[PDB]
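Fold and contact review
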Amino acid sequence: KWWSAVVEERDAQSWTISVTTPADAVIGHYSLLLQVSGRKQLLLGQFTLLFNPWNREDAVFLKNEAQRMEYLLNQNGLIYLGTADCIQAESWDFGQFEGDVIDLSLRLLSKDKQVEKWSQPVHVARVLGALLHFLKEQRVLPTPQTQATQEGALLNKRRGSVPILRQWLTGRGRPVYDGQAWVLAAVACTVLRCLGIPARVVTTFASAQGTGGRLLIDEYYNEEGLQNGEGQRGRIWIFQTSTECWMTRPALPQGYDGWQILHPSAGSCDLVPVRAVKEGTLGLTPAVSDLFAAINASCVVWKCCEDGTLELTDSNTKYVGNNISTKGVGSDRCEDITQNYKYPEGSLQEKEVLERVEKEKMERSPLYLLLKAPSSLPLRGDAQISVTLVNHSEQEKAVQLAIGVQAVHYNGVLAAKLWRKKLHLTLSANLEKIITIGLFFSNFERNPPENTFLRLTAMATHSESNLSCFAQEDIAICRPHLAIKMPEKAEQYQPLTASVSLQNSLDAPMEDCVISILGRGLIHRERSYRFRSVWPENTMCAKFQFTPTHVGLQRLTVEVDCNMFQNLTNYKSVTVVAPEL
Amino acid sequence: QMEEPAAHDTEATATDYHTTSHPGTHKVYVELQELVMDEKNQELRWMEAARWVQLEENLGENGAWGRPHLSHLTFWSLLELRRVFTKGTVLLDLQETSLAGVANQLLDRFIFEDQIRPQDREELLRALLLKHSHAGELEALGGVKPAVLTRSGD
Amino acid sequence: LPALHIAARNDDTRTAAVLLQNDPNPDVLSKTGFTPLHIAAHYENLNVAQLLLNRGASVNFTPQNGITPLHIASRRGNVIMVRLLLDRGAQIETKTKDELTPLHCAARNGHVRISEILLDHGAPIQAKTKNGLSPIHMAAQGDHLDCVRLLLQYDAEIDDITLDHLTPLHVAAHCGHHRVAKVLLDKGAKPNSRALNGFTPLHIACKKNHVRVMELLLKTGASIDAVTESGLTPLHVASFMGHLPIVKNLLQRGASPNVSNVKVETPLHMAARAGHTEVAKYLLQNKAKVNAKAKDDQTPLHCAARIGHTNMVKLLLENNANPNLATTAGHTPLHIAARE
């Protein structure tokens with residue numbers, strides 16, 4: 001069990017010595033020294049020591065093997081973005097198994113000065129999370145306020161994690177702007193996957209990032225149906241990425257081993273087991289209450305007016321923190337672990353836990369509407385939406401209806417004002433009425449930014465009664481599909497021709513077609529090719545030739561840029577086998 | 001027809017390959033080989049000609065290495081090296097373990113940069129995969145003569 | 001031999017190697033009766049698993065339970081063990097004591113990759129356990145979305161029933177999963193499908209108080225009006241269970257309190273049978289005729305008198321239901337109040 005070494009096989013000029021290791025030892029660069037009774041101590045070499053999910057007796061131990069290869073041995077991951085109604089993955093390459101990454105991580109570790117508490121993964125994980133949160137707050141520059149579409153192809157293209165790590169440590173590459181600040185979790189996951197701690201990257205849709213400790217959220221809205229002013233201390237973000245690591249908690253009471261969420265705080269970090277988040281034990285860790293409140297809290301919406309007096313409005317309840325998903329194992333598809341995070345809504349158990357957390361915190365319409373809107377809207381296209389109105393009053397009534405459309409960032413930051421429309425209606429005889437209206441991009445006021453999502457709001461003010469009805473929906477913009485034609489299995493050291501096809505669904509002719517292909521173990525670094533103009537009716541189909549080199553399971557990615565849009569990516573996997581002897 | 005496009009180079013992502021790894025210092029030993037053909041059968045193969053441990057040491061036709069001596073080069077050589085190195089092709093930090101992968105990536109970069117025609121890739125790839133002899137086998141060969149490859153392969 | 005299974009648990013290769021060098025027994029039973037191969041498939045220790053499979057390890061070696069090692073391997077989810085046991089030979093179509101196939105437990109646990117491998121290896125998609133439950137029903141129970149997506153992509157007959165006629169939408173609404181309801185909706189379903197009792201999925205949503213399923217079903221266009229084989233309505237189910245926000249939404253979205261069952265009963269008569277107060281106030285606020293007759297022409301005071309609960313009476317007398325009114329038998333609210 002303890003440090004041991006046996007000399008098993010003996011030759012007249014050689015010994016074969018088998019060194020053994022303890023289950024709980026500090027990781028880092030070691031050095032071996034041999035000291036006979038006579039001579040000075042002799043240096044024999046250097047090595048490094050990491051964690052192993054294969055040993056039964058170690059603390060950080062995973063039983064399943066395929067989970068190890070997915071969460072620790074894999075390099076080609078996916079990150080899911082978009083709304084929960086249509087989710088689009090983007091292929092990513094952590095590249096944790098480069099040469100210098102381990103030494104970089106150890107150089108980051110060495111600013112702690114508490115050496116022996118490096119033997120345990122809890123302290124290392126907490127310190128690395130804190131330092132990485134400080135480093136992201138240090139080296140992240142805000143976005144350029146001026147509009148630069150010709151360089152928008154370069155501001156928001158990402159190649160991986162190691163360049164971001166290099167530019168964060170040294171600042172000798174392209175910076176990472178506030179438009180994509182969600183990479184941090186992935187970076188940390190990369191670091192743990194480098195170090196030996198199993199980890200994965202989850203995405204929570206419709207999260208309430210902001211202030212915490214309170215289970216109520218205020219929102220301010222214009223008379224016309226927009227948001228007066230910008231920003232708020234606590235707002236509901238569209239999505240939020242987080243990092244999960246698998247280990248066992250001996251310091252906690254018994255019964256909480258497994259997955260933990262890594263949560264930095266504005267610096268001390270901490271990690272929380274998922275069963276602790278579901279059960280709701282606030283006093284177990286100072287951070288559980290805010291993160292669990294961040295998941296199931298309710299919002300109220302206020303109506304601003306010309307006088308400055310704020311008014312409560314009757315709206316449909318919207319959900320927060322739904323459809324958390326991650327990359328499935330052994331495939332290229334998404335899986336939802338939301339049953340591990342919440343009880344089914346409307347159970348006895350969830351009502352019980354709500355009553356318990358509320359008990360712990362206590363110590364501390366004559367007409368309405370509803371909206372049907374599509375889940376996805378094509379670029380340079382159009383769609384239809386419908387709003388119904390049902391009144392409950394024997395008398396007729398006049399109403400003023402306003403509709404607003406505006407772009408918003410992924411962190412609740414307002415982006416651009418797009419469209420507004422105001423009209424008058426008269427409901428009668430307690431009969432429902434449906435209004436269907438189209439939405440064309442030509443009728444808008446501005447071109448949308450690179451990465452935004454449209455928010456459509458509807459406000460119905462009764463002329464007689466000041467109590468008004470309100471509804472909101474969010475829609476993401478979808479891009480045309482990119483067809484990849486390729487055989488499933490390939491032989492090593494053989495030519496292979498892949499095809500890529502694109503149809504110009506847009507109403508405008510494309511110019512400056514610039515595409516790029518890359519992939520690990522297929523092409524050394526990157527390539528690029530240029531093309532002619534593509535008219536709105538015709539398509540473009542092209543073919544490339546390469547040869548696989550590293551046997552196993554790979555995937556390649558292509559990325560296209562043009563004048564209408566930039567950084568349109570797609571990917572495709574392949575299994576290559578050894579050649580026949 | 002499916003139109004073959006043109007390449008384009010733009011090195012915004014060049015910064016995205018610069019490791020910070022200080023490699024360390026190491027001595028070098030240079031060995032030169034070129035295409036020849038033995039007399040008993042008309043088969044081309046690579047044969048070494050000299051080594052550069054400290055000085056240029058050449059290998060004779062009899063198979064014995066001579067004396068070390070100073071290194072003198074020729075002027076036409078330096079001209080052609082400057083011309084071909086000014087417009088040459090570089091491949092840095094290759095991640096390989098066998099020569100065939102290096103050859104394949106070299107061919108892909110040649111085709112990508114319009115260095116060679118696609119119809120010549122097979123013959124040169126056949127050339128670069130022949131057996132590489134050493135100093136012990138020369139007396140077994142019975143003599144060799146320099147040969148040049150051809151499109152037909154003869 | 002009670003320690004050979006411990007050697008399997010710890011993957012002790014040399015000890016088991018000696019144990020099979022001396023002894024010729026490749027399979028012995030514990031007190032439960034499980035072989036060392038069962039725990040080797042459990043803890044994924046494959047060196048001793050290969051050593052056992054080299055000699056005599058019958059892949060179809062069933063105890064009285066009938067649980068194959070393939071069943072446990074599909075239960076805990078070990079992929080490489082499934083591939084190894086299928087390479088060495090495996091009978092896919094077997095039954096347990098409960099006639100469970102490995103696909104049943106695979107769909108129940110949620111391991112989608114093992115199910116893809118199994119359907120690749122010729123496992124029959126259509127099957128029937130002791131009850132007759134399809135694997136999609138169990139996969140819809142355990143809230144496994146993408147596994148359901150995979151069975152839909154490969155092959156699935158959506159509107160399937162079992163001994164109690166249950167579409168997977170029905171068990172989805174009984175287990176409270178709106179995501180599988182969405183996918184099963186957009187792929188294909190029928191809201192009109194009824195069980196043996198005659199219940200709509202709206203009835204199940206009114207019973208188990210799931211809200212997102214009710215909103216999605218009504219956004220689909222499931223009819224407000226519906227007739228149970230007993231004669232009730234989904235508003236009647238929501239009133240009988242005492243869920244206020246479901247009543248609020250369904251009565252907001254268009255409903256009629258004036259409705260008659262096979263015994264003429266409003267949701268007020270059937271609600272004051274239990275005395276849920278807030279739903280009664282909410283239905284009374286909108287247009288409902290409190291002066292009403294039941295099957296035996298009992299006023300809501302008659303059904304409210306048997307409870308003995310006070311303020312339901314004061315709310316009913318707020319809309320001045322008269323105590324002068326009496327039933328066909330002559331009984332009055334005073335008569336029933338003195339009876340109870």
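Cut-offs applied
Residues numbered from 1 in each chain as written, not as in the entry; some residues may be left out. Chains lettered and ligands numbered in written order. Part of a larger assembly, values for the part shown. Heavy atoms only, no water. Residues with missing side-chain atoms left out of burial classes, pairs and counts. Contact = heavy atoms within 4.5 Å. Buried area = accessible area lost by both parts, 1.4 Å probe. Salt bridge = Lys/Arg side-chain N within 4 Å of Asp/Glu carboxyl O. Polar contact = N/O pair within 3.5 Å; in protein donor to acceptor, adjacent residues only side chain to side chain. Disulfide = S-S within 2.5 Å. Buried < 20%, exposed > 50% of the residue type's maximum accessible area, 1.4 Å probe, protein only. Helix = DSSP H or I, 4+ residues; strand = E, 2+ residues; numbered from the N terminus. Pairing = 2+ DSSP bridges. Axes fitted to C-alpha atoms, helices over the stretch in contact; angles between N-to-C directions.

Looking at the entry header, you'll see cryo-EM listed as the method and 5.7 Å as the resolution.

Time to look at the interface of chain A and chain C. Facing 23 residues of chain A, the contacting portion of chain C comprises 26 residues. Of all residues in chain A, the largest losses of buried area upon contact with chain C belong to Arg56(A), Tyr319(A) and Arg333(A), amounting jointly to 23% of the total for that side. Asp146(C) serves as the salt-bridge partner of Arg333(A), at 3.3 Å between the closest nitrogen and oxygen. Our enumeration of links across chain A and chain C arrives at seven residue pairs in polar contact.

Bringing the state of the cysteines into the picture now. Scanning all chains against the criterion turns up zero disulfides over all chains. The thiol of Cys299(A) is not disulfide-bonded; the next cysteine sulfur, from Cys304(A), is found 13 Å away. On the accessibility criterion, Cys299(A) (32% relative accessible area) is partly exposed. Lacking any disulfide linkage, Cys206(C) is separated from the closest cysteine sulfur, that of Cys175(C), by 17 Å. By relative accessible area, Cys206(C) is classed as buried at 3%.

Moving on: the side chain of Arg200(A). All names here are of chain A. Within the secondary structure, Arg 200 sits in strand β7 (residues 199–207). Relative accessible area serves as the criterion here: at 5%, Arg 200 is assigned to the buried category. There is a polar contact of 2.5 Å between the side chain of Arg 200 and the side chain of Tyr 71. Of the polar contacts made by the side chain of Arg 200, one reaches the side chain of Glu 244; its length is 2.3 Å.

A word on the sheet that holds strand β10 (residues 258–264) of chain A. Residues and elements named next belong to chain A. Read from one edge to the other, the open sheet built from six strands follows the order β11-β10-β9-β7-β15-β16, with strand pairing classed as antiparallel. Of all the strands in the sheet, just β11 (269–273) and β16 (334–336) have a single pairing partner and so form its edges. Strand after strand, the sheet turns through a mean of 35° between neighbouring axes, direction not considered. Judged from the five bridges that link them, strand β9 (residues 237–247) and β10 form a sheet pairing that is antiparallel. Paired with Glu 244 across the two strands is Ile 261, which belongs to β10. Along the sheet face, helix α6 (residues 183–195) touches β7, β9 and β10 and points at about 165° away from the line of β7.

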